[PDB]
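S.K.: Dropping the structure in here first, questions after.
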Amino acid sequence: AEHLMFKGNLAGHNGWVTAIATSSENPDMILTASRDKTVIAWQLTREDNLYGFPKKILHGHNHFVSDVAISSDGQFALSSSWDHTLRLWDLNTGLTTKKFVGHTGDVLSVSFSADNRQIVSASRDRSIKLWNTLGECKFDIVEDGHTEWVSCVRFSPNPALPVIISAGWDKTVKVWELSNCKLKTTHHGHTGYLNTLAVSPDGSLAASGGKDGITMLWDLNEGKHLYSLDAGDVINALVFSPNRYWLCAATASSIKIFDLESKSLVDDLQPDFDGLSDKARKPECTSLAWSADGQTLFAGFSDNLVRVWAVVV
């Protein structure tokens with residue numbers, strides 16, 4: 001029987017866990033970003049009492065950390081912050097090697113290209129910027145750009161159509177051709193602002209989500225909308241499983257796991273909140289990541305914890 005099985009918590013942050021990153025290079029490590037202004041590198045022990053412990057606490061941002069990524073070689077962390085900057089960290093030394101300065105508003109998203117030669121980020125300043133790995137901004141994508149905050153930006157891993165995808169508070173999803181940085185497609189359809197966006201491991205699908213409870217799937221090869229899945233509530237985070245045809249949506253109320261083959265619901269994760277139900281709103285899941293091999297789901301929450309589920313059968 002295959003299904004997510006609660007395995008434990010990672011405790012250590014002192015603010016909402018806002019992003020989680022994972023890599024094949026070290027499967028025993030997790031990176032988490034937080035409103036406590038730190039990134040933590042966790043060592044996973046997978047023991048029953050502690051699933052893991054914080055191994056390194058990366059200090060330096062002056063405001064909420066909003067997103068984090070790991071280099072393909074697993075040795076560098078890349079994070080964005082409401083303090084207007086990105087930072088590249090050496091995970092061996094735990095120090096920042098490069099600061100990316102240039103945005104003029106809160107940075108809400110950051111990501112590595114497949115080959116790690118390019119870095120892309122999105123900000124409240126309504127721009128998308130491309131950097132190199134030395135911290136130099138190489139292009140400012142504004143033309144025909146979003147007219148509100150840009151909340152999430154990602155690369156397509158499809159070698160044939162090199163694009164970046166962005167979602168914004170203008171309720172649209174935009175596809176940009178990477179070669180010249182010109183707008184390729186604007187997708188309309190969402191009725192509310194968007195928090196998040198994820199791309200298929202084969203780069204055929206993009207999923208977008210936000211204030212309307214609806215996650216919409218867009219065909220990156222062809223023109224347009226494919227279908228929509230109704231999550232129950234405001235969508236905080238979206239991620240595709242790397243090794244199953246599944247799409248997970250973290251909402252205010254729950255974590256829904258959608259089977260894409262059937263459009264059916266695989267699971268609805270609602271953790272037992274170790275506290276109470278007295279004049280208190282159940283903590284929201286604010287971030288999601290799969291392990292590289294797709295056997296472990298990590299979920300960050302507004303009660304400062306990471307919660308871990310292990311695919312069982």
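Here, A, B, ... name the chains of the structure tokens in the order displayed, residue numbers run from 1 inside each chain, and ligands are numbered from 1 in the same displayed order.
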Using only C-alpha atoms, tabulate the residues of region 72-180 of chain A lying at most 12 Å from any atom of region 25-39 of chain A, each with its closest atom pair and that distance in Å to one decimal, by chain and increasing residue number, as a tab-separated table.
M.R.:
residue	atom	partner	partner_atom	distance
A:72	CA	A:25	CA	7.4
A:73	CA	A:25	CA	6.3
A:74	CA	A:25	CA	5.5
A:75	CA	A:25	CA	8.8
A:76	CA	A:31	CA	10.6
A:77	CA	A:31	CA	8.0
A:78	CA	A:39	CA	9.6
A:79	CA	A:33	CA	7.8
A:80	CA	A:33	CA	9.1
A:81	CA	A:37	CA	8.0
A:82	CA	A:37	CA	9.2
A:83	CA	A:37	CA	9.5
A:87	CA	A:39	CA	10.6
A:88	CA	A:39	CA	11.3
A:89	CA	A:39	CA	9.9
A:91	CA	A:31	CA	10.1
A:94	CA	A:39	CA	10.1
A:95	CA	A:39	CA	11.3
A:96	CA	A:39	CA	11.4
A:108	CA	A:33	CA	11.9
A:109	CA	A:33	CA	11.5
A:110	CA	A:33	CA	11.9
S.K.: Export, as a compact mmCIF listing (two decimals), in the first residue's frame, the selected residues with N, CA and C atoms.
M.R.:
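Output file result36.txt is given in full below:
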# COMPACT_ATOMS: atom_id res chain seq x y z
N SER A 72 23.72 22.08 -8.21
CA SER A 72 23.69 20.69 -8.68
C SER A 72 24.76 19.82 -8.01
N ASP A 73 25.93 20.40 -7.69
CA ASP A 73 26.98 19.65 -6.99
C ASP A 73 26.74 19.55 -5.48
N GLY A 74 25.64 20.12 -5.00
CA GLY A 74 25.29 20.02 -3.60
C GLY A 74 26.18 20.77 -2.62
N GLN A 75 27.02 21.66 -3.11
CA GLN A 75 27.95 22.31 -2.20
C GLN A 75 27.61 23.78 -1.94
N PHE A 76 26.69 24.35 -2.71
CA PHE A 76 26.28 25.74 -2.48
C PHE A 76 24.78 25.91 -2.33
N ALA A 77 24.42 26.79 -1.41
CA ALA A 77 23.03 27.18 -1.20
C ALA A 77 22.79 28.57 -1.78
N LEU A 78 21.60 28.76 -2.33
CA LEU A 78 21.23 30.02 -2.92
C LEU A 78 19.89 30.49 -2.34
N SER A 79 19.87 31.67 -1.75
CA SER A 79 18.63 32.11 -1.12
C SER A 79 18.25 33.55 -1.44
N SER A 80 16.96 33.82 -1.34
CA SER A 80 16.43 35.15 -1.60
C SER A 80 15.78 35.69 -0.33
N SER A 81 15.66 37.00 -0.20
CA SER A 81 15.15 37.58 1.06
C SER A 81 14.36 38.88 0.88
N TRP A 82 13.45 39.13 1.81
CA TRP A 82 12.70 40.38 1.79
C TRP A 82 13.66 41.56 2.03
N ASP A 83 14.93 41.28 2.33
CA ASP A 83 15.91 42.35 2.53
C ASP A 83 16.49 42.87 1.20
N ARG A 87 21.73 35.62 -1.73
CA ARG A 87 23.02 35.24 -1.18
C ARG A 87 23.39 33.83 -1.63
N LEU A 88 24.65 33.66 -1.99
CA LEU A 88 25.19 32.36 -2.36
C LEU A 88 26.07 31.91 -1.20
N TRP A 89 25.75 30.77 -0.60
CA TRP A 89 26.55 30.24 0.51
C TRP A 89 27.36 29.02 0.16
N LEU A 91 28.30 25.76 1.52
CA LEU A 91 27.75 24.89 2.57
C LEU A 91 28.83 24.21 3.42
N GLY A 94 29.82 27.51 5.59
CA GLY A 94 28.65 28.16 6.16
C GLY A 94 28.65 29.67 5.99
N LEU A 95 29.51 30.19 5.12
CA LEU A 95 29.58 31.63 4.88
C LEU A 95 29.05 32.02 3.50
N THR A 96 28.61 33.27 3.38
CA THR A 96 28.18 33.83 2.10
C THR A 96 29.40 34.10 1.25
N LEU A 108 10.98 37.56 -3.70
CA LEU A 108 10.04 36.50 -3.29
C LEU A 108 10.41 35.11 -3.81
N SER A 109 11.32 35.05 -4.79
CA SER A 109 11.66 33.78 -5.43
C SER A 109 13.06 33.78 -6.03
N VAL A 110 13.73 32.63 -6.00
CA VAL A 110 15.02 32.49 -6.67
C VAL A 110 15.24 31.04 -7.15
S.K.: List every residue of region 208-294 of chain A that has an atom at most 12 Å from any atom of region 55-71 of chain A, giving for each one its closest atom pair and the distance in Å to one decimal, counting only C-alpha atoms, sorted by chain and then by ascending residue number, as a tab-separated table.
M.R.:
residue	atom	partner	partner_atom	distance
A:237	CA	A:67	CA	11.4
A:286	CA	A:66	CA	10.4
A:287	CA	A:67	CA	9.4
A:288	CA	A:67	CA	11.1
A:289	CA	A:69	CA	10.8
A:292	CA	A:70	CA	11.6
S.K.: Mind giving me the straight-line distance from CA of residue 280 (chain A) to CA of residue 9 (chain A) in Å, one decimal?
M.R.: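 Computed distance, CA of residue 280 (chain A) to CA of residue 9 (chain A), equals 20.7 Å.
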S.K.: Could you check the closest approach to residue 141 (chain A) for each of A:20, A:173, A:122, A:265 and tell me which residue wins, using only C-alpha atoms?
M.R.: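 Closest candidate: A:122.
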S.K.: Quick one: pull the distance between CA of residue 241 (chain A) and CA of residue 129 (chain A), Å, one decimal.
M.R.: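 It comes out at 27.2 Å.
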S.K.: I'd like to know which of A:221, A:111, A:156, A:185 is closest to residue 199 (chain A), using only C-alpha atoms.
M.R.: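 Smallest separation from residue 199 (chain A) among the options: A:156.
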S.K.: Find the residues near residue 118 (chain A): any atom within 8 Å, counting only C-alpha atoms, skip ones fewer than 2 places away on the same chain, and give them as JSON, numbers by chain.
M.R.: {"A": [112, 113, 115, 116, 120, 130, 131, 132, 133]}
S.K.: Near residue 268 (chain A), counting only C-alpha atoms, which residues have an atom at most 10 Å away, once you skip same-chain residues fewer than 6 positions from it, shown as a list in words?
M.R.: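 Counting only the stated atoms, we get residues 4, 248, 249, 250, 253, 254, 255, 256, 257 and 258 of chain A.
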S.K.: Which one is closest to residue 195 (chain A): A:149, A:301, A:227, A:245? Count only C-alpha atoms.
M.R.: A:149
S.K.: So which bits of region 65-298 of chain A end up strand (DSSP E or B) when you DSSP the backbone, as an MDAnalysis selection string?
M.R.: chainID A and resid 65:70 76:81 86:90 95:100 107:112 119:123 128:131 137:141 150:155 163:168 173:177 182:187 194:199 205:210 214:219 225:230 235:240 246:251 255:259 264:269 285:290 296:298
S.K.: Check the smallest atom-to-atom distance from each of A:212, A:101, A:247, A:299 to residue 259 (chain A) using only C-alpha atoms, then report the winner.
M.R.: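 Nearest candidate to residue 259 (chain A) out of A:212, A:101, A:247, A:299: A:247.
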S.K.: So which one's closest to residue 204 (chain A), A:162, A:232, A:12, A:105? Using only C-alpha atoms, please.
M.R.: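 That would be A:162, the residue with the smallest distance to residue 204 (chain A).
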